file query_8.cif (mmCIF, C-alpha atoms)
data_query
loop_
_atom_site.label_atom_id
_atom_site.label_comp_id
_atom_site.auth_asym_id
_atom_site.auth_seq_id
_atom_site.Cartn_x
_atom_site.Cartn_y
_atom_site.Cartn_z
CA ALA A 1 7.79 13.63 7.72
CA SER A 2 9.17 11.52 4.88
CA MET A 3 7.83 8.31 3.44
CA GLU A 4 10.59 6.44 5.22
CA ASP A 5 9.24 7.78 8.52
CA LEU A 6 5.87 6.42 7.49
CA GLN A 7 7.49 3.01 6.95
CA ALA A 8 8.37 2.81 10.62
CA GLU A 9 4.86 3.98 11.52
CA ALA A 10 3.20 1.44 9.23
CA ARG A 11 5.29 -1.43 10.55
CA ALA A 12 4.46 -0.65 14.15
CA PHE A 13 0.84 0.39 13.66
CA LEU A 14 -0.24 -2.93 12.22
CA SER A 15 0.59 -6.12 14.05
CA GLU A 16 2.03 -9.12 12.18
CA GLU A 17 -1.28 -10.99 12.56
CA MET A 18 -2.99 -7.98 11.00
CA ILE A 19 -0.45 -7.62 8.18
CA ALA A 20 -1.12 -11.27 7.31
CA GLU A 21 -4.74 -10.32 6.54
CA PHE A 22 -3.78 -7.51 4.16
CA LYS A 23 -1.07 -9.74 2.73
CA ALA A 24 -3.81 -11.92 1.27
CA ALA A 25 -4.93 -9.02 -0.90
CA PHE A 26 -1.30 -8.41 -1.83
CA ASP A 27 -1.02 -11.98 -3.19
CA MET A 28 -3.88 -11.24 -5.60
CA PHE A 29 -1.67 -9.46 -8.11
CA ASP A 30 1.61 -11.00 -7.01
CA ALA A 31 2.93 -12.83 -10.09
CA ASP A 32 5.87 -14.60 -8.45
CA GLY A 33 3.87 -14.81 -5.27
CA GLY A 34 6.59 -13.26 -3.15
CA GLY A 35 6.70 -9.63 -1.98
CA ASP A 36 6.15 -7.97 -5.35
CA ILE A 37 3.07 -6.35 -6.96
CA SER A 38 2.47 -3.60 -9.50
CA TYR A 39 1.44 -0.05 -8.44
CA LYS A 40 -2.02 -0.80 -9.75
CA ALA A 41 -2.35 -3.71 -7.31
CA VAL A 42 -2.20 -1.58 -4.17
CA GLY A 43 -4.95 0.58 -5.60
CA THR A 44 -7.09 -2.48 -6.14
CA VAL A 45 -6.43 -3.85 -2.64
CA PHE A 46 -7.83 -0.64 -1.13
CA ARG A 47 -11.04 -1.46 -2.93
CA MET A 48 -11.00 -5.10 -1.78
CA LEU A 49 -10.45 -4.14 1.86
CA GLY A 50 -13.00 -1.36 1.50
CA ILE A 51 -10.51 1.27 2.62
CA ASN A 52 -10.28 4.76 1.15
CA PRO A 53 -6.79 5.97 0.21
CA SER A 54 -5.67 9.51 0.95
CA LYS A 55 -5.41 12.15 -1.80
CA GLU A 56 -1.61 11.99 -1.59
CA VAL A 57 -1.68 8.22 -1.92
CA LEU A 58 -4.26 7.81 -4.62
CA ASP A 59 -2.69 10.57 -6.72
CA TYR A 60 0.78 9.08 -6.32
CA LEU A 61 -0.35 5.62 -7.39
CA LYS A 62 -2.47 7.06 -10.21
CA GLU A 63 0.60 8.94 -11.40
CA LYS A 64 2.75 5.81 -11.41
CA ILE A 65 0.14 3.65 -13.14
CA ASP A 66 -0.73 6.35 -15.66
CA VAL A 67 2.87 6.79 -16.74
CA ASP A 68 3.78 3.09 -16.36
CA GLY A 69 1.82 0.79 -14.05
CA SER A 70 4.15 -2.15 -14.57
CA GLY A 71 6.48 -1.11 -11.74
CA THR A 72 6.20 -3.18 -8.60
CA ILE A 73 6.53 -2.70 -4.83
CA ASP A 74 7.07 -4.96 -1.78
CA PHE A 75 5.05 -5.51 1.42
CA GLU A 76 6.76 -2.67 3.28
CA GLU A 77 5.94 -0.07 0.62
CA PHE A 78 2.39 -1.40 0.36
CA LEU A 79 1.97 -1.16 4.11
CA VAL A 80 3.13 2.48 4.03
CA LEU A 81 0.51 3.71 1.57
CA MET A 82 -2.26 1.81 3.34
CA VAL A 83 -1.45 2.96 6.87
CA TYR A 84 -0.66 6.52 5.75
CA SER A 85 -4.17 6.67 4.31
CA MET A 86 -6.01 5.54 7.47
CA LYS A 87 -3.79 7.80 9.60
CA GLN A 88 -5.13 10.99 8.03
CA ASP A 89 -8.35 9.84 6.38
CA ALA A 90 -11.04 9.32 9.03
#
call {"tool": "encode", "arguments": {"input": "query_8.cif", "output": "structure tokens"}}
result
Amino acid sequence: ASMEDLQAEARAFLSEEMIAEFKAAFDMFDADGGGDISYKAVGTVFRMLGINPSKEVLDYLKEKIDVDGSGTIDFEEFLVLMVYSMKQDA
């Protein structure tokens, strides 16, 4: 499946009340404070929630932060990489 397919999975897997909890970690690196954090932020949130990212996820983020790291993503994208990790990892 594609990452877009994972978007639909992520959105349905976690309830709004649950997303609100992870959203708090999102706000940590959010400069404007609305729906936007660097690629490095999602890596840090995994650590704060105590969740282990999948090889595909951690390598992808590492790639983006290694080459740039300034690029930012929204809640949806963040939710994808987090859910995709727990789906396959344990």
call {"tool": "closest_residue", "arguments": {"input": "query_8.cif", "among": "A:80, A:89, A:45, A:39", "to": "residue 67 in chain A", "atoms": "all atoms listed in the file"}}
result
A:39
call {"tool": "resolve_selection", "arguments": {"input": "query_8.cif", "expression": "the PyMOL selection byres ((chain A and resi 9) around 12)", "output": "list in words"}}
result
residues 1, 2, 3, 4, 5, 6, 7, 8, 10, 11, 12, 13, 14, 15, 76, 77, 79, 80, 81, 82, 83, 84, 85, 86 and 87 of chain A
call {"tool": "residues_around", "arguments": {"input": "query_8.cif", "residues": "residue 68 in chain A", "least_positions_apart": "5", "cutoff": "12 Å", "atoms": "all atoms listed in the file", "output": "count of residues only"}}
result
6
call {"tool": "residues_around", "arguments": {"input": "query_8.cif", "residues": "residue 28 in chain A", "least_positions_apart": "5", "cutoff": "10 Å", "atoms": "all atoms listed in the file", "output": "list in words"}}
result
residues 23, 33, 37, 41, 42, 44 and 45 of chain A
call {"tool": "resolve_selection", "arguments": {"input": "query_8.cif", "expression": "the PyMOL selection byres ((chain A and resi 36) around 10)", "output": "ChimeraX atom specification"}}
result
/A:26-27,29-35,37-39,41,71-75,77-78
call {"tool": "atom_distance", "arguments": {"input": "query_8.cif", "atom1": "CA of residue 55 in chain A", "atom2": "CA of residue 17 in chain A"}}
result
27.5 Å
call {"tool": "axis_aligned_box", "arguments": {"input": "query_8.cif", "around": "range 71-86 of chain A", "padding_each_side": "3 Å", "output": "AutoDock Vina command-line options"}}
result
--center_x 0.5 --center_y 0.6 --center_z -2.1 --size_x 19.1 --size_y 18.2 --size_z 25.2
call {"tool": "atom_distance", "arguments": {"input": "query_8.cif", "atom1": "CA of residue 60 in chain A", "atom2": "CA of residue 90 in chain A"}}
result
19.4 Å
call {"tool": "atom_distance", "arguments": {"input": "query_8.cif", "atom1": "CA of residue 22 in chain A", "atom2": "CA of residue 52 in chain A"}}
result
14.2 Å
call {"tool": "decode", "arguments": {"input": "query_8.cif", "residues": "chain A", "atoms": "C-alpha atoms", "output": "compact mmCIF listing (two decimals), in the first residue's frame"}}
result
# COMPACT_ATOMS: atom_id res chain seq x y z
CA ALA A 1 0.00 0.00 0.00
CA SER A 2 0.99 3.64 -0.39
CA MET A 3 1.54 6.25 2.28
CA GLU A 4 -1.78 7.80 1.34
CA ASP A 5 -3.47 4.49 2.20
CA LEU A 6 -1.73 4.68 5.55
CA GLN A 7 -3.23 8.15 6.04
CA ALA A 8 -6.71 6.68 6.00
CA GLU A 9 -5.57 3.92 8.35
CA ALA A 10 -3.94 6.36 10.77
CA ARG A 11 -6.98 8.62 10.87
CA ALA A 12 -9.33 5.77 11.66
CA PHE A 13 -7.04 3.80 13.97
CA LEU A 14 -6.65 6.59 16.47
CA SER A 15 -9.71 8.31 17.85
CA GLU A 16 -9.88 12.12 18.06
CA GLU A 17 -9.54 11.96 21.86
CA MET A 18 -6.40 9.88 21.34
CA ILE A 19 -4.98 12.15 18.64
CA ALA A 20 -5.35 15.05 21.08
CA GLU A 21 -2.86 13.30 23.38
CA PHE A 22 -0.23 12.88 20.67
CA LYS A 23 -1.00 16.41 19.48
CA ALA A 24 0.52 17.69 22.71
CA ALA A 25 3.88 16.26 21.67
CA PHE A 26 3.38 17.77 18.23
CA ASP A 27 3.04 21.26 19.78
CA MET A 28 6.50 20.85 21.34
CA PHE A 29 8.34 21.78 18.15
CA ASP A 30 5.50 23.65 16.51
CA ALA A 31 6.81 27.19 15.98
CA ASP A 32 3.58 28.81 14.81
CA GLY A 33 1.69 26.45 17.05
CA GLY A 34 -0.61 25.26 14.30
CA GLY A 35 -0.27 21.99 12.36
CA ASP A 36 3.39 22.35 11.37
CA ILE A 37 6.60 20.77 12.74
CA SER A 38 9.99 19.86 11.30
CA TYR A 39 10.87 16.25 10.32
CA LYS A 40 13.10 16.10 13.37
CA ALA A 41 10.13 16.82 15.63
CA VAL A 42 8.26 13.62 14.81
CA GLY A 43 11.39 11.67 15.62
CA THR A 44 11.58 13.36 19.00
CA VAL A 45 7.89 12.76 19.76
CA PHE A 46 8.42 9.00 19.34
CA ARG A 47 10.93 9.28 22.15
CA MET A 48 8.59 11.38 24.31
CA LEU A 49 5.70 8.93 23.89
CA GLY A 50 8.10 6.03 24.37
CA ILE A 51 7.14 4.49 21.04
CA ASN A 52 9.57 2.79 18.68
CA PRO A 53 9.36 3.81 15.02
CA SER A 54 9.62 1.24 12.25
CA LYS A 55 12.79 0.87 10.14
CA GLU A 56 10.98 2.42 7.16
CA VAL A 57 9.88 5.36 9.26
CA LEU A 58 13.02 6.07 11.18
CA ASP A 59 15.15 5.79 8.05
CA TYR A 60 12.83 8.08 6.10
CA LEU A 61 12.88 10.76 8.79
CA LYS A 62 16.63 10.35 9.28
CA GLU A 63 17.06 10.84 5.55
CA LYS A 64 15.00 14.03 5.54
CA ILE A 65 16.71 15.50 8.61
CA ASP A 66 20.17 14.51 7.42
CA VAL A 67 19.74 16.22 4.07
CA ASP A 68 17.67 19.12 5.45
CA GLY A 69 15.69 18.79 8.69
CA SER A 70 14.05 22.18 8.34
CA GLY A 71 11.13 20.83 6.30
CA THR A 72 7.87 20.57 8.16
CA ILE A 73 4.79 18.32 8.20
CA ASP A 74 1.18 18.58 9.49
CA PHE A 75 -0.85 16.44 11.93
CA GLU A 76 -2.02 14.03 9.24
CA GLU A 77 1.50 13.21 8.05
CA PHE A 78 2.68 12.90 11.66
CA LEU A 79 -0.17 10.53 12.44
CA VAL A 80 0.79 8.35 9.46
CA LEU A 81 4.37 7.71 10.52
CA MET A 82 3.33 7.04 14.12
CA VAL A 83 0.51 4.62 13.35
CA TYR A 84 2.45 2.91 10.56
CA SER A 85 5.15 2.15 13.11
CA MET A 86 2.87 0.55 15.73
CA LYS A 87 1.03 -1.37 12.99
CA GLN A 88 4.08 -3.44 12.07
CA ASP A 89 6.35 -3.00 15.09
CA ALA A 90 5.07 -5.12 17.97
